[PDB]
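**Student:** Before anything else, here's the structure in question.
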Amino acid sequence: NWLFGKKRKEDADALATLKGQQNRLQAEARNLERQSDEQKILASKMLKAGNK
Amino acid sequence: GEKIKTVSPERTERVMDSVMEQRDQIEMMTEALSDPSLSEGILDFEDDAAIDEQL
Numbered sequence: 004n005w006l007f008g009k010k011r012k013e014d015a016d017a018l019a020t021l022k023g024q025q026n027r028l029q030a031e032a033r034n035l036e037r038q039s040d041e042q043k044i045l046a047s048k049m050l051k052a053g054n055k
Numbered sequence: 110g111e112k113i114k115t116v117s118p119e120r121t122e123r124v125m126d127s128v129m130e131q132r133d134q135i136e137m138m139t140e141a142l143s144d145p146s147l148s149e150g151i152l153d154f155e156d157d158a159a160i161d162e163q164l
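Chains as they are written, first to last, in the deposited numbering: chain A, 4 to 55; chain a, 110 to 164.
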């Protein structure tokens, strides 16, 4: 009876937790990619400016 | 000086750190056992509407 709704709620909560954690990981990956692109452009710029 | 060397301040720091850690663990253990979700167990699917009208 009422246990079926509880099971559905538990599965939905577990999926919500997993998706939220995946959202944090995707945000961190986006930040890392931003930093890597910035770093590549900076390296090209300072090689233009003459340092190895 | 003999007393200060025996019970050094680092020893007191270690003892107080252990007391703090163990107090935290007792609190977490004794609040894990007191979660109201058990005796509550099944909650209203209507989310307190029936108990609202009963009150």
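Ideal Cβ placement from N, Cα and C applies to all residues, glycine included.
#1: Secondary structure at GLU31/A, three-state DSSP: helix, strand or coil?
#2: Shorter than 8 Å from the beta carbon of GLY8/A to some beta carbon of chain a?
#3: Say whether chain A places a C-beta atom closer than 8 Å to the C-beta of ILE151/a.
#4: For the alpha helix (DSSP H) that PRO118/a lies in, which residues bound it at each end?
**Tutor:** Reading it off the structure:
#1: helix
#2: yes
#3: yes
#4: 118-141
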